[PDB]
>>> print(open('start-v4.cif').read())   # mmCIF, N, CA and C atoms
data_run
loop_
_atom_site.label_atom_id
_atom_site.label_comp_id
_atom_site.auth_asym_id
_atom_site.auth_seq_id
_atom_site.Cartn_x
_atom_site.Cartn_y
_atom_site.Cartn_z
N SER D 22 109.28 92.40 53.75
CA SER D 22 108.93 91.14 54.47
C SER D 22 107.50 90.66 54.18
N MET D 23 107.30 89.35 54.34
CA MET D 23 105.99 88.78 54.19
C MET D 23 105.06 89.30 55.31
N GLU D 24 105.58 89.52 56.52
CA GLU D 24 104.70 90.04 57.63
C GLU D 24 104.12 91.46 57.27
N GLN D 25 104.99 92.34 56.75
CA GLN D 25 104.60 93.71 56.33
C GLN D 25 103.49 93.66 55.30
N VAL D 26 103.64 92.82 54.30
CA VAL D 26 102.53 92.56 53.34
C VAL D 26 101.18 92.09 53.96
N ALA D 27 101.27 91.13 54.89
CA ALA D 27 100.05 90.60 55.59
C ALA D 27 99.34 91.73 56.37
N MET D 28 100.15 92.55 57.06
CA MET D 28 99.68 93.72 57.80
C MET D 28 98.97 94.69 56.84
N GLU D 29 99.64 94.94 55.71
CA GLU D 29 99.10 95.80 54.65
C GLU D 29 97.81 95.26 54.06
N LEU D 30 97.71 93.95 53.91
CA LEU D 30 96.44 93.34 53.45
C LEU D 30 95.28 93.57 54.48
N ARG D 31 95.57 93.43 55.78
CA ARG D 31 94.61 93.73 56.89
C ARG D 31 94.21 95.23 56.84
N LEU D 32 95.18 96.12 56.70
CA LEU D 32 94.90 97.56 56.57
C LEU D 32 93.98 97.80 55.36
N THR D 33 94.28 97.12 54.25
CA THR D 33 93.51 97.25 53.04
C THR D 33 92.12 96.75 53.25
N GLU D 34 91.99 95.63 53.93
CA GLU D 34 90.64 95.10 54.15
C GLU D 34 89.82 96.01 55.12
N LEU D 35 90.49 96.57 56.12
CA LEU D 35 89.87 97.50 57.07
C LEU D 35 89.40 98.73 56.30
N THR D 36 90.26 99.21 55.38
CA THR D 36 89.90 100.31 54.49
C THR D 36 88.69 99.96 53.69
N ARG D 37 88.60 98.71 53.20
CA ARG D 37 87.41 98.27 52.48
C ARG D 37 86.16 98.37 53.34
N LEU D 38 86.23 97.84 54.54
CA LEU D 38 85.08 97.85 55.46
C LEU D 38 84.71 99.29 55.86
N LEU D 39 85.70 100.12 56.21
CA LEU D 39 85.47 101.54 56.55
C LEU D 39 84.87 102.37 55.41
N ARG D 40 85.23 102.06 54.16
CA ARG D 40 84.61 102.72 53.01
C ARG D 40 83.11 102.45 52.93
N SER D 41 82.72 101.21 53.21
CA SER D 41 81.34 100.84 53.21
C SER D 41 80.63 101.51 54.43
N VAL D 42 81.24 101.44 55.62
CA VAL D 42 80.72 102.16 56.80
C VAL D 42 80.51 103.65 56.47
N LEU D 43 81.48 104.28 55.81
CA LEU D 43 81.40 105.70 55.45
C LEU D 43 80.23 105.99 54.53
N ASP D 44 80.03 105.12 53.55
CA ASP D 44 78.91 105.30 52.60
C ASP D 44 77.60 105.18 53.27
N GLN D 45 77.47 104.24 54.20
CA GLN D 45 76.27 104.08 54.98
C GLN D 45 76.00 105.26 55.91
N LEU D 46 77.07 105.86 56.44
CA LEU D 46 76.90 106.99 57.39
C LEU D 46 76.46 108.22 56.62
N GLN D 47 77.12 108.43 55.51
CA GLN D 47 76.80 109.53 54.68
C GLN D 47 75.34 109.48 54.15
N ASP D 48 74.80 108.27 53.90
CA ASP D 48 73.41 108.15 53.48
C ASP D 48 72.44 108.63 54.55
N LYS D 49 72.86 108.66 55.81
CA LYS D 49 72.06 109.22 56.85
C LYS D 49 72.08 110.74 56.92
N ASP D 50 72.64 111.34 55.88
CA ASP D 50 72.80 112.81 55.73
C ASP D 50 72.34 113.21 54.33
N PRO D 51 71.05 112.94 53.99
CA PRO D 51 70.63 113.22 52.58
C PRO D 51 70.66 114.71 52.24
N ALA D 52 70.47 115.57 53.25
CA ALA D 52 70.65 117.02 53.02
C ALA D 52 72.08 117.48 52.65
N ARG D 53 73.10 116.64 52.90
CA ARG D 53 74.51 116.98 52.60
C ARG D 53 75.08 118.16 53.41
N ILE D 54 74.57 118.28 54.63
CA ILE D 54 75.02 119.29 55.61
C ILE D 54 76.52 119.04 56.00
N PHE D 55 76.90 117.76 56.01
CA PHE D 55 78.25 117.30 56.48
C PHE D 55 79.21 116.80 55.40
N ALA D 56 78.83 117.04 54.15
CA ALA D 56 79.57 116.60 53.00
C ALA D 56 80.92 117.24 52.81
N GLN D 57 81.04 118.52 53.18
CA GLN D 57 82.22 119.28 52.84
C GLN D 57 82.66 120.14 54.07
N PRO D 58 83.92 120.58 54.10
CA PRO D 58 84.30 121.42 55.23
C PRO D 58 83.46 122.67 55.34
N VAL D 59 83.17 123.08 56.56
CA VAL D 59 82.59 124.40 56.75
C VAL D 59 83.50 125.46 56.03
N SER D 60 82.89 126.32 55.19
CA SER D 60 83.62 127.36 54.44
C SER D 60 84.14 128.52 55.35
N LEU D 61 85.44 128.77 55.38
CA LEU D 61 85.94 129.88 56.17
C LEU D 61 85.68 131.19 55.47
N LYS D 62 85.39 131.15 54.16
CA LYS D 62 84.93 132.37 53.49
C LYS D 62 83.55 132.77 54.03
N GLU D 63 82.63 131.82 54.11
CA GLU D 63 81.27 132.05 54.61
C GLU D 63 81.05 132.11 56.16
N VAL D 64 81.93 131.43 56.93
CA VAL D 64 81.92 131.48 58.40
C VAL D 64 83.34 131.83 58.85
N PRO D 65 83.71 133.14 58.71
CA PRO D 65 85.11 133.53 58.89
C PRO D 65 85.62 133.32 60.33
N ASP D 66 84.74 133.30 61.31
CA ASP D 66 85.13 133.10 62.72
C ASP D 66 85.19 131.62 63.14
N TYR D 67 85.00 130.69 62.19
CA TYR D 67 84.69 129.30 62.57
C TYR D 67 85.78 128.68 63.48
N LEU D 68 87.02 128.92 63.12
CA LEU D 68 88.16 128.38 63.87
C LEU D 68 88.40 128.98 65.24
N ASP D 69 87.79 130.14 65.56
CA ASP D 69 87.74 130.64 66.90
C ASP D 69 86.84 129.76 67.77
N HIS D 70 85.88 129.06 67.15
CA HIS D 70 84.89 128.23 67.83
C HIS D 70 85.29 126.76 67.84
N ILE D 71 85.68 126.28 66.69
CA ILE D 71 85.89 124.87 66.48
C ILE D 71 87.40 124.67 66.18
N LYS D 72 88.05 123.95 67.08
CA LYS D 72 89.50 123.67 66.94
C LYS D 72 89.92 122.58 65.95
N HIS D 73 89.06 121.58 65.76
CA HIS D 73 89.35 120.47 64.87
C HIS D 73 88.12 120.23 63.97
N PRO D 74 87.99 121.03 62.91
CA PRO D 74 86.92 120.81 61.93
C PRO D 74 87.01 119.42 61.25
N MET D 75 85.84 118.91 60.87
CA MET D 75 85.78 117.67 60.19
C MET D 75 84.54 117.64 59.29
N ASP D 76 84.60 116.77 58.29
CA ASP D 76 83.50 116.64 57.31
C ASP D 76 83.71 115.31 56.53
N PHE D 77 82.72 114.85 55.81
CA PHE D 77 82.83 113.56 55.11
C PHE D 77 83.86 113.56 54.01
N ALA D 78 84.11 114.70 53.32
CA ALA D 78 85.11 114.66 52.27
C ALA D 78 86.55 114.51 52.81
N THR D 79 86.83 115.21 53.90
CA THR D 79 88.12 115.15 54.56
C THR D 79 88.31 113.69 55.10
N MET D 80 87.27 113.07 55.68
CA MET D 80 87.37 111.66 56.09
C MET D 80 87.74 110.75 54.91
N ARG D 81 87.07 111.00 53.78
CA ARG D 81 87.26 110.16 52.59
C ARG D 81 88.68 110.30 52.04
N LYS D 82 89.25 111.49 52.04
CA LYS D 82 90.66 111.65 51.64
C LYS D 82 91.59 110.84 52.57
N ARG D 83 91.34 110.92 53.88
CA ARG D 83 92.14 110.15 54.81
C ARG D 83 91.99 108.62 54.58
N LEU D 84 90.76 108.20 54.41
CA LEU D 84 90.41 106.81 54.18
C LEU D 84 91.20 106.28 52.98
N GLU D 85 91.13 106.98 51.85
CA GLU D 85 91.77 106.51 50.64
C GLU D 85 93.29 106.54 50.64
N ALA D 86 93.91 107.33 51.51
CA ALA D 86 95.31 107.21 51.77
C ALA D 86 95.59 106.13 52.82
N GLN D 87 94.62 105.24 53.07
CA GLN D 87 94.68 104.26 54.20
C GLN D 87 95.15 104.86 55.51
N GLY D 88 94.63 106.03 55.83
CA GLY D 88 95.06 106.77 56.98
C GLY D 88 94.33 106.41 58.28
N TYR D 89 93.34 105.49 58.24
CA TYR D 89 92.71 105.00 59.52
C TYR D 89 93.31 103.61 59.90
N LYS D 90 94.06 103.58 60.98
CA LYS D 90 94.72 102.29 61.42
C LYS D 90 93.75 101.32 62.10
N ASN D 91 92.67 101.86 62.69
CA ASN D 91 91.64 101.09 63.41
C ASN D 91 90.28 101.85 63.38
N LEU D 92 89.19 101.16 63.71
CA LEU D 92 87.85 101.76 63.80
C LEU D 92 87.77 102.92 64.78
N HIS D 93 88.49 102.84 65.89
CA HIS D 93 88.50 103.90 66.89
C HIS D 93 88.84 105.26 66.24
N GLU D 94 89.88 105.30 65.43
CA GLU D 94 90.31 106.53 64.72
C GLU D 94 89.23 107.10 63.80
N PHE D 95 88.59 106.23 63.05
CA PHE D 95 87.51 106.58 62.15
C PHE D 95 86.31 107.12 62.94
N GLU D 96 85.93 106.46 64.01
CA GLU D 96 84.86 106.98 64.87
C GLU D 96 85.18 108.33 65.53
N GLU D 97 86.44 108.57 65.86
CA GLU D 97 86.84 109.85 66.40
C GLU D 97 86.47 110.99 65.44
N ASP D 98 86.79 110.78 64.16
CA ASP D 98 86.49 111.76 63.08
C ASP D 98 84.99 111.88 62.84
N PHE D 99 84.25 110.77 62.84
CA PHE D 99 82.75 110.90 62.75
C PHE D 99 82.16 111.69 63.90
N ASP D 100 82.62 111.38 65.10
CA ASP D 100 82.19 112.10 66.27
C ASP D 100 82.52 113.61 66.20
N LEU D 101 83.68 114.03 65.67
CA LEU D 101 83.98 115.45 65.47
C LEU D 101 82.96 116.10 64.59
N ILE D 102 82.55 115.40 63.54
CA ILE D 102 81.53 115.98 62.64
C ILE D 102 80.28 116.40 63.43
N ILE D 103 79.79 115.47 64.25
CA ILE D 103 78.56 115.65 65.00
C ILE D 103 78.78 116.67 66.10
N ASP D 104 79.84 116.44 66.85
CA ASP D 104 80.09 117.21 68.05
C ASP D 104 80.41 118.67 67.70
N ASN D 105 81.13 118.92 66.63
CA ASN D 105 81.47 120.29 66.21
C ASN D 105 80.17 121.03 65.89
N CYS D 106 79.31 120.32 65.18
CA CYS D 106 78.04 120.90 64.74
C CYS D 106 77.14 121.28 65.91
N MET D 107 77.07 120.40 66.91
CA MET D 107 76.21 120.59 68.08
C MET D 107 76.74 121.65 69.04
N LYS D 108 77.99 122.06 68.87
CA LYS D 108 78.53 123.15 69.65
C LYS D 108 78.31 124.48 68.91
N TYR D 109 78.64 124.53 67.63
CA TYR D 109 78.58 125.77 66.86
C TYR D 109 77.15 126.21 66.62
N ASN D 110 76.23 125.25 66.42
CA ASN D 110 74.88 125.59 66.11
C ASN D 110 73.96 125.36 67.28
N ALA D 111 72.97 126.23 67.45
CA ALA D 111 72.00 126.09 68.54
C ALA D 111 71.06 124.94 68.32
N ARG D 112 70.50 124.49 69.42
CA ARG D 112 69.52 123.40 69.45
C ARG D 112 68.32 123.52 68.51
N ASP D 113 67.82 124.73 68.32
CA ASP D 113 66.67 124.97 67.45
C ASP D 113 66.97 125.14 65.91
N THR D 114 68.12 124.67 65.45
CA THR D 114 68.54 124.90 64.08
C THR D 114 68.48 123.63 63.32
N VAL D 115 68.29 123.77 62.00
CA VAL D 115 68.30 122.64 61.13
C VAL D 115 69.66 121.91 61.17
N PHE D 116 70.76 122.65 61.34
CA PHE D 116 72.08 122.01 61.42
C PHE D 116 72.22 121.10 62.62
N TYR D 117 71.85 121.62 63.79
CA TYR D 117 71.99 120.84 65.04
C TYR D 117 71.12 119.60 64.96
N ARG D 118 69.88 119.81 64.51
CA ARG D 118 68.97 118.68 64.40
C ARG D 118 69.45 117.62 63.41
N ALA D 119 70.06 118.06 62.33
CA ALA D 119 70.66 117.11 61.37
C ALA D 119 71.78 116.26 62.00
N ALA D 120 72.58 116.88 62.89
CA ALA D 120 73.60 116.16 63.60
C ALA D 120 73.03 115.15 64.59
N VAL D 121 71.96 115.51 65.30
CA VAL D 121 71.39 114.58 66.19
C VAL D 121 70.93 113.33 65.42
N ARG D 122 70.32 113.55 64.26
CA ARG D 122 69.73 112.47 63.51
C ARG D 122 70.81 111.53 62.92
N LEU D 123 71.88 112.13 62.46
CA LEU D 123 73.08 111.39 62.00
C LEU D 123 73.74 110.57 63.08
N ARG D 124 73.86 111.14 64.28
CA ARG D 124 74.39 110.44 65.41
C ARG D 124 73.52 109.19 65.72
N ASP D 125 72.23 109.42 65.85
CA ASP D 125 71.30 108.34 66.25
C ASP D 125 71.29 107.20 65.25
N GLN D 126 71.19 107.57 63.97
CA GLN D 126 71.22 106.64 62.88
C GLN D 126 72.55 105.98 62.64
N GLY D 127 73.62 106.75 62.82
CA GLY D 127 74.96 106.23 62.67
C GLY D 127 75.32 105.18 63.69
N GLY D 128 74.72 105.28 64.88
CA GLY D 128 75.00 104.37 66.01
C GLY D 128 74.79 102.91 65.68
N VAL D 129 73.72 102.67 64.93
CA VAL D 129 73.31 101.34 64.49
C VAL D 129 74.42 100.74 63.63
N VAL D 130 74.91 101.56 62.69
CA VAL D 130 75.87 101.13 61.69
C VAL D 130 77.20 100.85 62.36
N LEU D 131 77.58 101.76 63.24
CA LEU D 131 78.84 101.64 64.00
C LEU D 131 78.87 100.46 64.97
N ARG D 132 77.71 100.13 65.53
CA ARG D 132 77.59 99.02 66.45
C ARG D 132 77.93 97.69 65.74
N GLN D 133 77.40 97.49 64.52
CA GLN D 133 77.69 96.29 63.77
C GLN D 133 79.13 96.33 63.20
N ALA D 134 79.60 97.51 62.79
CA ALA D 134 80.96 97.60 62.28
C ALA D 134 81.96 97.18 63.35
N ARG D 135 81.72 97.52 64.62
CA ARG D 135 82.64 97.13 65.68
C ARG D 135 82.67 95.62 65.82
N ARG D 136 81.50 94.98 65.75
CA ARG D 136 81.42 93.52 65.74
C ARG D 136 82.20 92.92 64.55
N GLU D 137 82.05 93.48 63.33
CA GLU D 137 82.74 92.97 62.10
C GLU D 137 84.27 93.11 62.14
N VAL D 138 84.75 94.21 62.69
CA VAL D 138 86.18 94.44 62.87
C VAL D 138 86.77 93.48 63.92
N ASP D 139 86.10 93.31 65.06
CA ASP D 139 86.46 92.26 66.05
C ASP D 139 86.39 90.83 65.44
N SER D 140 85.24 90.53 64.83
CA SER D 140 84.97 89.21 64.24
C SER D 140 86.00 88.80 63.17
N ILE D 141 86.09 89.56 62.07
CA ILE D 141 87.09 89.30 61.00
C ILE D 141 88.55 89.63 61.37
N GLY D 142 88.81 90.16 62.57
CA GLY D 142 90.16 90.55 63.01
C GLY D 142 90.49 91.94 62.50
#
>>> encode(input="start-v4.cif", output="C-alpha cells")
Amino acid sequence: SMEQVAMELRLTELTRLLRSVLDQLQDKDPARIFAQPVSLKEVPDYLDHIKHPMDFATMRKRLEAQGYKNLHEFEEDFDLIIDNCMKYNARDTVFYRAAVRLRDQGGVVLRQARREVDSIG
C-alpha cells in the first residue's frame, strides 16, 4: 500500500535524524568508554549487576535495522548506557564521571531532537 510506504519514509527520516543525534552523543564521549559492550571476558560478573547492558555500537546496529520506532525508544537505550555505568562504577571513578558528563552534554542534544521530531512530525 501507499500508506505503508509513507510510514516507511517517516521511519527512514526518523532513522536519519537519530543517526545524526547518535553521532553527536557519541562525540561527547571522546574517551570511547561507551563505544562497545562491556566485555564479559574482562568483567565476568557483569550480568549479575547489570540486567540490560547497552553501548553505542549495539545502538547503532539497532538504528541501522530501523529498529527505533520513536525518540522515546532511542532515549531509553542512551539512558541505559549512562545509568548502567553509574550503578556498576563508584562515584570516584573515571567511568562514573564520564557518564555524568555524557548525560549533561547529551541533554542539550536530546532537548533539540525532541523539538525536531515533534516539529517535522
>>> closest_residue(input="start-v4.cif", among="D:135, D:124, D:31, D:40", to="residue 81 (chain D)", atoms="only N, CA and C atoms")
D:40
>>> closest_residue(input="start-v4.cif", among="D:44, D:34, D:137, D:104", to="residue 75 (chain D)", atoms="only C-alpha atoms")
D:104
>>> closest_residue(input="start-v4.cif", among="D:78, D:106, D:134, D:32", to="residue 55 (chain D)", atoms="all atoms listed in the file")
D:78
>>> atom_distance(input="start-v4.cif", atom1="atom N of residue 109 (chain D)", atom2="atom C of residue 70 (chain D)")
7.0 Å
>>> resolve_selection(input="start-v4.cif", expression="the PyMOL selection byres (((chain D and resi 91 and name CA) around 9) and name CA)", output="JSON, numbers by chain")
{"D": [32, 35, 89, 90, 92, 93, 94, 95, 138]}
>>> select_by_dssp(input="start-v4.cif", residues="region 45-140 of chain D", states="alpha helix (DSSP H)", output="ChimeraX atom specification")
/D:45-48,67-70,77-85,92-109,115-140
>>> closest_residue(input="start-v4.cif", among="D:136, D:74, D:30, D:53", to="residue 100 (chain D)", atoms="only C-alpha atoms")
D:74
>>> residues_around(input="start-v4.cif", residues="residue 126 (chain D)", least_positions_apart="6", cutoff="8 Å", atoms="only N, CA and C atoms", output="PyMOL selection string")
chain D and resi 45-46+49+120
>>> atom_distance(input="start-v4.cif", atom1="atom N of residue 86 (chain D)", atom2="atom C of residue 56 (chain D)")
16.4 Å
>>> residues_around(input="start-v4.cif", residues="residue 54 (chain D)", least_positions_apart="2", cutoff="8 Å", atoms="only C-alpha atoms", output="list in words")
residues 50, 52, 56, 57, 116 and 119 of chain D
>>> atom_distance(input="start-v4.cif", atom1="CA of residue 114 (chain D)", atom2="CA of residue 65 (chain D)")
19.4 Å
>>> decode(input="start-v4.cif", residues="region 44-71 of chain D", atoms="N, CA and C atoms", output="PDB file, in the first residue's frame")
ATOM      1  N   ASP D  44      25.518  10.396  16.488  1.00  0.00           N
ATOM      2  CA  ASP D  44      26.887  10.885  16.226  1.00  0.00           C
ATOM      3  C   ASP D  44      27.253  12.007  17.124  1.00  0.00           C
ATOM      4  N   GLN D  45      26.310  12.911  17.376  1.00  0.00           N
ATOM      5  CA  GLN D  45      26.512  13.998  18.306  1.00  0.00           C
ATOM      6  C   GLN D  45      26.686  13.532  19.749  1.00  0.00           C
ATOM      7  N   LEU D  46      25.984  12.472  20.120  1.00  0.00           N
ATOM      8  CA  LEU D  46      26.060  11.964  21.518  1.00  0.00           C
ATOM      9  C   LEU D  46      27.401  11.285  21.730  1.00  0.00           C
ATOM     10  N   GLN D  47      27.764  10.486  20.760  1.00  0.00           N
ATOM     11  CA  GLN D  47      28.997   9.802  20.817  1.00  0.00           C
ATOM     12  C   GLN D  47      30.215  10.771  20.863  1.00  0.00           C
ATOM     13  N   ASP D  48      30.118  11.937  20.212  1.00  0.00           N
ATOM     14  CA  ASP D  48      31.197  12.927  20.284  1.00  0.00           C
ATOM     15  C   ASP D  48      31.386  13.455  21.695  1.00  0.00           C
ATOM     16  N   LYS D  49      30.368  13.362  22.550  1.00  0.00           N
ATOM     17  CA  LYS D  49      30.520  13.720  23.925  1.00  0.00           C
ATOM     18  C   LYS D  49      31.194  12.667  24.789  1.00  0.00           C
ATOM     19  N   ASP D  50      31.761  11.671  24.117  1.00  0.00           N
ATOM     20  CA  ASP D  50      32.463  10.522  24.734  1.00  0.00           C
ATOM     21  C   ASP D  50      33.800  10.321  24.016  1.00  0.00           C
ATOM     22  N   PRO D  51      34.689  11.345  24.042  1.00  0.00           N
ATOM     23  CA  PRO D  51      35.939  11.206  23.242  1.00  0.00           C
ATOM     24  C   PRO D  51      36.856  10.090  23.767  1.00  0.00           C
ATOM     25  N   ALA D  52      36.777   9.800  25.073  1.00  0.00           N
ATOM     26  CA  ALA D  52      37.498   8.634  25.611  1.00  0.00           C
ATOM     27  C   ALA D  52      37.045   7.248  25.093  1.00  0.00           C
ATOM     28  N   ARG D  53      35.851   7.159  24.495  1.00  0.00           N
ATOM     29  CA  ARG D  53      35.304   5.887  23.965  1.00  0.00           C
ATOM     30  C   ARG D  53      35.021   4.820  25.039  1.00  0.00           C
ATOM     31  N   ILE D  54      34.658   5.303  26.222  1.00  0.00           N
ATOM     32  CA  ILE D  54      34.265   4.458  27.371  1.00  0.00           C
ATOM     33  C   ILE D  54      32.970   3.652  27.037  1.00  0.00           C
ATOM     34  N   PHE D  55      32.106   4.269  26.224  1.00  0.00           N
ATOM     35  CA  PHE D  55      30.742   3.727  25.890  1.00  0.00           C
ATOM     36  C   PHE D  55      30.550   3.218  24.465  1.00  0.00           C
ATOM     37  N   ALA D  56      31.674   3.093  23.753  1.00  0.00           N
ATOM     38  CA  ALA D  56      31.683   2.676  22.379  1.00  0.00           C
ATOM     39  C   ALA D  56      31.261   1.258  22.119  1.00  0.00           C
ATOM     40  N   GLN D  57      31.579   0.351  23.048  1.00  0.00           N
ATOM     41  CA  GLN D  57      31.410  -1.064  22.803  1.00  0.00           C
ATOM     42  C   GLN D  57      30.804  -1.747  24.067  1.00  0.00           C
ATOM     43  N   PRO D  58      30.200  -2.923  23.906  1.00  0.00           N
ATOM     44  CA  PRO D  58      29.677  -3.580  25.103  1.00  0.00           C
ATOM     45  C   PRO D  58      30.749  -3.832  26.136  1.00  0.00           C
ATOM     46  N   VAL D  59      30.391  -3.698  27.399  1.00  0.00           N
ATOM     47  CA  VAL D  59      31.280  -4.175  28.452  1.00  0.00           C
ATOM     48  C   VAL D  59      31.656  -5.677  28.155  1.00  0.00           C
ATOM     49  N   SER D  60      32.960  -5.991  28.174  1.00  0.00           N
ATOM     50  CA  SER D  60      33.460  -7.353  27.902  1.00  0.00           C
ATOM     51  C   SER D  60      33.142  -8.354  29.056  1.00  0.00           C
ATOM     52  N   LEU D  61      32.424  -9.441  28.777  1.00  0.00           N
ATOM     53  CA  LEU D  61      32.161 -10.416  29.812  1.00  0.00           C
ATOM     54  C   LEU D  61      33.384 -11.262  30.060  1.00  0.00           C
ATOM     55  N   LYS D  62      34.345 -11.261  29.130  1.00  0.00           N
ATOM     56  CA  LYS D  62      35.636 -11.898  29.415  1.00  0.00           C
ATOM     57  C   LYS D  62      36.367 -11.122  30.510  1.00  0.00           C
ATOM     58  N   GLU D  63      36.439  -9.808  30.372  1.00  0.00           N
ATOM     59  CA  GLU D  63      37.104  -8.922  31.345  1.00  0.00           C
ATOM     60  C   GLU D  63      36.324  -8.536  32.644  1.00  0.00           C
ATOM     61  N   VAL D  64      34.982  -8.545  32.580  1.00  0.00           N
ATOM     62  CA  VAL D  64      34.117  -8.313  33.747  1.00  0.00           C
ATOM     63  C   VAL D  64      33.117  -9.472  33.813  1.00  0.00           C
ATOM     64  N   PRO D  65      33.599 -10.659  34.284  1.00  0.00           N
ATOM     65  CA  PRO D  65      32.797 -11.883  34.162  1.00  0.00           C
ATOM     66  C   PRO D  65      31.497 -11.845  34.991  1.00  0.00           C
ATOM     67  N   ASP D  66      31.447 -11.041  36.034  1.00  0.00           N
ATOM     68  CA  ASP D  66      30.246 -10.922  36.885  1.00  0.00           C
ATOM     69  C   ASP D  66      29.243  -9.867  36.398  1.00  0.00           C
ATOM     70  N   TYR D  67      29.492  -9.260  35.233  1.00  0.00           N
ATOM     71  CA  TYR D  67      28.779  -8.012  34.876  1.00  0.00           C
ATOM     72  C   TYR D  67      27.246  -8.190  34.891  1.00  0.00           C
ATOM     73  N   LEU D  68      26.793  -9.290  34.317  1.00  0.00           N
ATOM     74  CA  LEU D  68      25.358  -9.573  34.229  1.00  0.00           C
ATOM     75  C   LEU D  68      24.663  -9.919  35.534  1.00  0.00           C
ATOM     76  N   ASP D  69      25.413 -10.241  36.605  1.00  0.00           N
ATOM     77  CA  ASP D  69      24.873 -10.317  37.925  1.00  0.00           C
ATOM     78  C   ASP D  69      24.488  -8.921  38.427  1.00  0.00           C
ATOM     79  N   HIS D  70      25.134  -7.881  37.896  1.00  0.00           N
ATOM     80  CA  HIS D  70      24.944  -6.489  38.317  1.00  0.00           C
ATOM     81  C   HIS D  70      23.975  -5.757  37.395  1.00  0.00           C
ATOM     82  N   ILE D  71      24.194  -5.897  36.116  1.00  0.00           N
ATOM     83  CA  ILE D  71      23.503  -5.101  35.131  1.00  0.00           C
ATOM     84  C   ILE D  71      22.647  -6.072  34.282  1.00  0.00           C
TER      85      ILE D  71
END
